[PDB]
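J.: Shown below is the structure under consideration.
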Amino acid sequence: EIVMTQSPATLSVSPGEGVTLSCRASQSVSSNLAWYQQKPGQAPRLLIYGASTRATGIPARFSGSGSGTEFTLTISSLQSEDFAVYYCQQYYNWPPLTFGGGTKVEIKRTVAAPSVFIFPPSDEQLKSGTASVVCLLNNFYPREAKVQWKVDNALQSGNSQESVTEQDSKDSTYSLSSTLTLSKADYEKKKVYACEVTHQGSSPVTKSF
Amino acid sequence: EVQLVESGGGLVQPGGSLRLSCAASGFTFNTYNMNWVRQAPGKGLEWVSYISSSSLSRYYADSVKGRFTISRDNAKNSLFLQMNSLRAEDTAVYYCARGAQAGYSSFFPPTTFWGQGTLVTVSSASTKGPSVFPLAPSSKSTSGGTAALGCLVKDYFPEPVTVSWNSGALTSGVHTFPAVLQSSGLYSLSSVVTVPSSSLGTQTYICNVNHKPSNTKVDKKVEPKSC
Amino acid sequence: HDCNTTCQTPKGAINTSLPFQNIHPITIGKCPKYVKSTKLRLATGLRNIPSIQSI
Amino acid sequence: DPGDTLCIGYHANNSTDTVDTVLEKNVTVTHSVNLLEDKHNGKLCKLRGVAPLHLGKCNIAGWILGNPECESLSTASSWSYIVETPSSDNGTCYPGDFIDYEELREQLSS
Amino acid sequence: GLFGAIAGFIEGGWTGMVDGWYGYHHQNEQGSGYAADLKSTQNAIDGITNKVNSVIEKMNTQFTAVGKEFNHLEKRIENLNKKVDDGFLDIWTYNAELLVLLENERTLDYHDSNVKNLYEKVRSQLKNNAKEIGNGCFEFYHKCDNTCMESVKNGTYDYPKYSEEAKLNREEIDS
Amino acid sequence: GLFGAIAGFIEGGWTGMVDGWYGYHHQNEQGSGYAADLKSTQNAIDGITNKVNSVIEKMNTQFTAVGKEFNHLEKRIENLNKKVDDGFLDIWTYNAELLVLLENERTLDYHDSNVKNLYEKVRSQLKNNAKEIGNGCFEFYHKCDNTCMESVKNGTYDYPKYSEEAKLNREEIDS
Amino acid sequence: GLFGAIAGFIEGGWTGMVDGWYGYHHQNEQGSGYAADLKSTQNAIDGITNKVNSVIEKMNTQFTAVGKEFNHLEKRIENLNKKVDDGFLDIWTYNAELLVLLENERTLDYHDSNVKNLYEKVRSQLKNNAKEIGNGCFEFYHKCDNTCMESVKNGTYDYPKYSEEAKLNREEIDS
Ligand SMILES: *[C@@H]1O[C@H](CO)[C@@H](O)[C@H](O)[C@H]1NC(C)=O
Ligand SMILES: *[C@@H]1O[C@H](CO)[C@@H](O)[C@H](O)[C@H]1NC(C)=O
Ligand SMILES: *[C@@H]1O[C@H](CO)[C@@H](O)[C@H](O)[C@H]1NC(C)=O
Ligand SMILES: *[C@@H]1O[C@H](CO)[C@@H](O)[C@H](O)[C@H]1NC(C)=O
């Protein structure tokens, strides 16, 4: 196969400026390269084909160029409807038809600290045999953040599935939630609970034990 | 306009079989080559299979060869994908895509127009309604700053669920997280909302979870603690 | 100037193997034939059709 | 079991070269060559590896008669051709007719 | 064009074929790619090079000083000399302009003929084993690996080697 | 001719086709008639118009009085002037005569090519659905109404739409 | 060549065909032999004869003495006369060299077209009754005696007369 490399995976830029996405080929694909744009919950949409030709209906701020192994996709003036994932694709040697990892273009804004909200295992969940602790992080930029659970003093290299929402339309901020799933027989066998955050804005050390 | 609507996705146990179909309209289906592309939850795009206009040429990815069979009924403007011996890694959204016309391959990319997609889930778990557990607001916040209370929707299968608050009246500040796949094979998410802490006591908040496959519909009240 | 040429023109010499020139009709040497043409371009390759219409 | 595809085609490139044909004007072609020379070096060079005779401010009559304004001109034993300037006017300073003048210029040209 | 292939039943050219003027595009289980037919391309290069050299080298001139000088009482021969210079100019300008026009048409026709003949050679080799799907493309009734492709591009295709497999697939698909 | 169609496998022309140079003749239950293929005819008109204009417009002359007058002791230059006038005459007469001869052959060949290519386009569309009965005619294996005729003359013929009906009639008639 | 037949899909010529330029070779129970197609050969002879005569006869000159004599003080007109003589020489040499080059290419193409058209006429007559075995040869699906051969070479081949016999042999051999 011919492997497509899209580095970096994430680019943070403001709204209204020029972005350039990259895609390289393990061997030459000539001009048989295409670019696609995908928004969450929606099918991919073709933007560029032939490595430079723009598809019908694609605004003129999208352009691409390249040949052989190196290619670029440039957006001159980034509008709000242009924040999405972008994949390249080669169709010079296929099958297999290979895409590439994709590049997320993200809205850049001011560094926002998280507001940490910890919640208890609810009493009616304590009537079924299990209990879960919720560590909510609210409206923080950037995405890069670290969350750990300090029960009495446990490191907890297991448990605690986390989840991230998409950038909010208003403030372009994030939200995270680590959920501490433990059974009754091992929940009531400790009673000092605390989460942990290592985000920017709250950069110095933390906001919860 | 070019239109591709695919159907047949659903839940199947491992080793089971499923037949996706795609309805094509707005173009001369009997002249175009067709493709299937899939996308695992949170992952990139993987090409699955190719079929020519004449059905003579059929190509497959290495990871589906021997298990998937692609076919096409040009008289009925329909594309098909037979999936057999399904593994867990086959769980993905399967997209129907339109390529170049017969003889014009590599003049246009082989995936020029995409359908919305259809979701295929391969797991041994069974359709199960969710358990709604409250997240009571902390009783040691500040008197003027905001506080967050939420509902914990746990142990349901399969995707997706929908959450609201106070019958849809409360919309600002809501953060419904994407679900996660627990090691038990069941799904679970949290749904939080932020409100002023001085409104705790004179205003009550009720979430409205609605799981479609299990025909579940439960409302829960998230009140402060006692003691 | 100190240069060598086989075809001399009142506005400067021309170094060429082409059969035609449009510099000046009054020449000295072994020269191309003067013509009024501005462009005499001979196709060697094919018609160039890199892309076709969306179908 | 039924198989694959093979196609016959032809070259294309990024060329913008245009040629004229008897049936169509401005046809873009992948490669072309130019038969018309339109670029000169802007200098008066040596023909047959021999420098020309440059008279400067004099014409052939002034040069060959020995006009006092041409005495500075160097006497070369051979030349491939003769160069005059449009403003070159120093010729027969004493007025008169130079009989068979144009013929003499021909004989002295090389 | 004159032979119906370039900008004809083969609508467009290939930017992804860089090693020749005419060639093939293949696709099978092992992938796809472009390759020039070296035999026909080299013949065209030889012919076009010869055509260019002939147009240039057949113009061989002698040393000549065009210019003439005449006094004020030699106006008639001055105009005669002007008539000679203008007459050569008109003859050479007209012939040069038309030669380029006519030879450009023939050159484009020549390339069209080569693409047409290349397609016909392949079609005569493949016969029943492949289907003509249009746009200068064949779709085989039998799997054709890279070695099988090389036989076609080299003109060494073994029709009977695949004839029965193609026959069964051709007869079913047409039933 | 050079391409075998005009005065070739298509023996004669049509006086009943007045709207173009190349075209079609059809007959079905609804009647018969002639119609020109506008696309190919308009291309030929563009090419031939360009060919005529090129032959004429590339001849651009300057103001010139050919005549000269010489006295009784200027006989040699008078004969020189006559030699120049006769030399241009022979060059222009010979080139003009041959250009017309060669371009007329190419023009007739060009029309022959267009008729040939038009036939081949139709044949590639119809494939099994029609029989080649000779003289540039196809006889369908399925009824082809006026709408079906328009699809062929417009290059939008749907082969699979009639392929099975033609197949049954083709297979019986050949049994 | 330009039409793919001479030195193309028909690789070589026949020294054993002495009565014409294009023709046939047959073999059956009664033997084998060569025979020229008189109709196409006579057309080519008429066309080539006309082509030669046109190139020669369109050159018609008048009585003319080229030479001129000038004394030692008439050097400028002597050089003018030399310029005229050299200018005609260059024009005539260049045009004559190129005319021969271009007409030779067209003549070889013309012969190539005739061989191509002759093959296509036969193929259109024989249709299913014969198999194209390559190199411009047909192998019949029915015995074709000397009289049957004469029908093909004369363009009077009766396809339905042998169609059923050929059909049975074609269908078995392909089973
Ligand atoms: C040379 O020419 C100048 C003007 O260019 C004139 O004034 C001068 O007298 C001339 N000298 C001669 C002819 O000796
Ligand atoms: C390609 O064809 C030529 C024909 O002369 C033959 O000699 C050669 O061996 C062929 N190539 C291969 C790789 O067999
Ligand atoms: C004829 O073909 C053209 C091809 O572009 C198509 O747009 C047009 O609609 C066709 N005519 C009719 C009457 O459908
Ligand atoms: C050959 O064909 C011609 C066609 O006009 C026909 O008149 C002639 O009789 C045929 N020859 C024989 C021997 O029948």
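Protein chains in written order, with the deposited numbering: chain A, 1 to 209; chain B, 1 to 227; chain C, 275 to 329; chain D, 8 to 55, 55A, 56 to 83, 83A, 84 to 90, 90A, 91 to 114; chain E, 1 to 175; chain F, 1 to 175; chain G, 1 to 175. For each residue, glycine too, the CB sits at the ideal point set by N, CA and C.
For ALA7/E, which residues of its own chain have a beta-carbon under 8 Å away from its beta-carbon, when the five flanking residues on both sides are left out?
T.: Counted from its first residue, the fifth sequence places residue 7/E at position 7. Closer than 8 Å at Cβ, skipping near neighbours: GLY1.
J.: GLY23/E and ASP37/E: beta carbons closer than 8 Å?
T.: Here residue 23/E corresponds to residue number 23 of the fifth sequence, with the count starting at 1. Here residue 37/E corresponds to residue number 37 of the fifth sequence, with the count starting at 1. Yes, they are a contact pair.
J.: Using a Cβ-Cβ cutoff of 9 Å, what residues of the stretch 12-41 of chain F are near chain G? List them in chain order.
T.: Cβ contacts with chain G: none found.
J.: How would you write the range of the alpha helix (DSSP H) that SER113/F sits in, first residue to last?
T.: By one-based count along the sixth sequence, residue 113/F stands at place 113. Looking at the DSSP string, the run of the alpha helix (DSSP H) that includes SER113/F is 75-126.
J.: For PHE107/B, return the contacting residues in chain C, with the cut-off set at a CB-CB distance below 7 Å.
T.: The residue labelled residue 107/B in the question sits at position 107 within the second sequence. Neighbours of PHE107/B on chain C, chain order: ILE326.
J.: I want to verify the contact list: residues of chain B whose CB lies under 7 Å from the CB of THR37/D, in sequence order.
T.: In the fourth sequence, residue 37/D corresponds to position 30, counting from 1. Neighbours of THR37/D on chain B: none; closest Cβ ~17 Å, over 7 Å.
J.: By Cβ distance below 8 Å, which residues in the same chain neighbour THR98/A in space, the five residues on each side in sequence not counted?
T.: Residue 98/A sits at position 98 when you count from the first residue of the first sequence. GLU1, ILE2, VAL3, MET4, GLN89 and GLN90, listed in sequence order.
J.: In the DSSP assignment, find the alpha helix (DSSP H) that holds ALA35/E and state where it starts and stops.
T.: The residue you call residue 35/E lines up with position 35 of the fifth sequence. Here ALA35/E belongs to no alpha helix (DSSP H); instead the beta strand (DSSP E) covers 31-36.
J.: Please list, in chain order, the residues of the stretch 66-100 of chain G that have any C-beta partner in chain E closer than 8 Å.
T.: Residues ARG76, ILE77, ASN79, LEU80, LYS83, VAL84, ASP86, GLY87, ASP90, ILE91, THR93, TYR94, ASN95, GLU97 and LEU98.
J.: Is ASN65/D close to chain C? Criterion is C-beta to C-beta, closer than 8 Å.
T.: For this step, residue 65/D is matched to residue 59 along the fourth sequence. By this cut-off, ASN65/D is not an interface position.
J.: What did DSSP end up calling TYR91/A once you bin it into helix, strand or coil?
T.: The residue labelled residue 91/A in the question sits at position 91 within the first sequence. Three-state result, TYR91/A: coil.
J.: Measuring only from the beta carbon, is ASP101/D closer than 7 Å to any heavy atom that is part of ligand 1?
T.: Taking the fourth sequence and counting its residues from 1, the one referred to as residue 101/D is at position 97. False, no ligand heavy atom lies under 7 Å from that Cβ.
J.: Would you call the stretch 93-101 of chain D and the stretch 88-96 of chain E in contact, with 3 or more CB pairs under 8 Å?
T.: The stretch 93-101 of chain D is not in contact with the stretch 88-96 of chain E.
J.: With a threshold of 16 other CB atoms inside 10 Å of the CB of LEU11/B, please say whether the residue is buried or exposed.
T.: In the second sequence, residue 11/B corresponds to position 11, counting from 1. The residue in question, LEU11/B, is buried, as its Cβ has 16 or more Cβ neighbours within 10 Å.
J.: Are three or more beta carbon pairs between the stretch 114-127 of chain F and the stretch 147-165 of chain F nearer than 8 Å?
T.: These segments touch.
J.: Between the beta-carbon of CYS137/E and the beta-carbon of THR12/D, is there less than 8 Å?
T.: Stepping through the fifth sequence from its first residue, residue 137/E is reached at position 137. Stepping through the fourth sequence from its first residue, residue 12/D is reached at position 5. Result yes, Cβ atoms of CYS137/E and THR12/D sit closer than 8 Å.
J.: Please classify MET59/G: is it buried, with 16 or more other beta-carbons within 10 angstroms of its beta-carbon, or exposed?
T.: Against the seventh sequence, residue 59/G aligns to sequence position 59. Exposed, since its Cβ has fewer than 16 Cβ neighbours within 10 Å.
J.: I need the straight-line Cα distance from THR61/F to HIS60/D, nearest angstrom please.
T.: On the sixth sequence, position 61 is the one that residue 61/F refers to. On the fourth sequence, position 54 is the one that residue 60/D refers to. Approximately 36 Å, taken between the alpha carbons.
J.: Here's the rule I'm using: 16 or more other beta-carbon atoms within 10 Å means buried, otherwise exposed. How should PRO41/B be labelled?
T.: As a first step, residue 41/B is located in the second sequence; it is residue number 41 there, counting from the start. Flag for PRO41/B reads exposed.
J.: For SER80/A versus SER31/A, is the C-beta spacing smaller than 8 Å?
T.: Walking along the first sequence from the start, residue 80/A turns up at place 80. Walking along the first sequence from the start, residue 31/A turns up at place 31. It is not a contact, given that the beta carbons lie outside the stated cut-off.
J.: Determine the chain G residues that contact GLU89/D at a beta-carbon separation under 8 Å, and present them in chain order.
T.: For this step, residue 89/D is matched to residue 84 along the fourth sequence. None at all; the shortest Cβ gap to chain G is about 17 Å.
J.: Measure how close the beta-carbons of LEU320/C and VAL36/D come, nearest whole angstrom, since I'm counting them as under 8 Å.
T.: By 1-based counting over the third sequence, the position of residue 320/C is 46. By 1-based counting over the fourth sequence, the position of residue 36/D is 29. Indeed they touch by this definition, with Cβ atoms about 7 Å apart.
J.: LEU86/B and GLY15/B look like a contact to me (Cβ under 8 Å); what is the Cβ gap, rounded to whole Å?
T.: Here residue 86/B refers to the residue found at position 86 of the second sequence. Here residue 15/B refers to the residue found at position 15 of the second sequence. Yes, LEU86/B and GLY15/B are in contact; Cβ-Cβ is about 7 Å, under 8 Å.
J.: Measuring CB atoms only, is the stretch 142-153 of chain B touching the stretch 153-163 of chain A, in the sense that at least three cross pairs come out at less than 8 Å?
T.: The stretch 142-153 of chain B is not in contact with the stretch 153-163 of chain A.
J.: Given that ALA317/C touches chain E, what residues does it touch there, using C-beta distances under 7 Å?
T.: Taking the third sequence and counting its residues from 1, one reaches residue 317/C at position 43. Ordered by position in chain E, the residues that pass the 7 Å Cβ test against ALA317/C are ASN104, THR107 and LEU108.
J.: By the three-class DSSP mapping on this structure, what secondary structure does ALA44/E have?
T.: Mapped onto the fifth sequence, residue 44/E falls at position 44. It is helical.
J.: For ligand 5, is there a heavy atom less than 7 Å away from the beta-carbon of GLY155/E?
T.: With respect to ligand 5, the structure shown offers nothing to examine, as its ligands consist of ligand 1, ligand 2, ligand 3 and ligand 4.
J.: If distances are taken between C-alpha atoms only, which option among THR69/A, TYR36/A, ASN159/A and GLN27/A comes closest to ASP186/A?
T.: Within the first sequence, the letter at position 186 stands for residue 186/A. Among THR69/A, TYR36/A, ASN159/A and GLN27/A, the Cα nearest to that of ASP186/A belongs to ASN159/A.
J.: Count the other CB atoms, across all protein chains shown, that sit within 10 Å of the CB of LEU18/B; report buried if there are 16 or more and exposed otherwise.
T.: Counted from its first residue, the second sequence places residue 18/B at position 18. By the 10 Å Cβ count, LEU18/B comes out buried.
J.: On a Cα-Cα basis, can you pick out the residue from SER226/B, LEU20/B and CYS227/B that is closest to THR121/B?
T.: Residue numbering aside, residue 121/B sits at position 121 when the second sequence is read from its first letter. Nearest C-alpha to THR121/B: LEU20/B.
J.: Are the CB atoms of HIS26/E and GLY16/E nearer to each other than 8 Å?
T.: As a working note, residue 26/E is residue 26 in the fifth sequence. As a working note, residue 16/E is residue 16 in the fifth sequence. Result no, Cβ atoms of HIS26/E and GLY16/E do not sit closer than 8 Å.
J.: When the cut-off is 8 Å and only beta carbons count, does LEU11/B lie next to chain H?
T.: Annotation note: the requested chain H is absent from the structure, which comprises protein chains A, B, C, D, E, F and G.
J.: In whole angstroms, give me the CA-to-CA distance for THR72/A and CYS23/A.
T.: As a working mapping, residue 72/A is identified with position 72 in the first sequence. As a working mapping, residue 23/A is identified with position 23 in the first sequence. Looking at the two C-alpha atoms, the distance is approximately 6 Å.
J.: Sort out for me which residues DSSP pairs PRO134/B with in a bridge.
T.: On the second sequence, residue 134/B is found 134 positions in, with the first residue counted as 1. Answer by DSSP bridge pairing, in chain order: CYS151/B.
J.: Going by the beta-carbon positions, is the gap between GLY10/D and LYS143/E smaller than 8 Å?
T.: For the purposes of this step, residue 10/D is taken as the residue at position 3 of the fourth sequence. For the purposes of this step, residue 143/E is taken as the residue at position 143 of the fifth sequence. Yes. Within cutoff.
J.: With H, G and I counted as helix, E and B as strand and the rest as coil, what does DSSP make of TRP21/G?
T.: If you number the seventh sequence from 1, residue 21/G lands on position 21. Three-state result, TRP21/G: coil.
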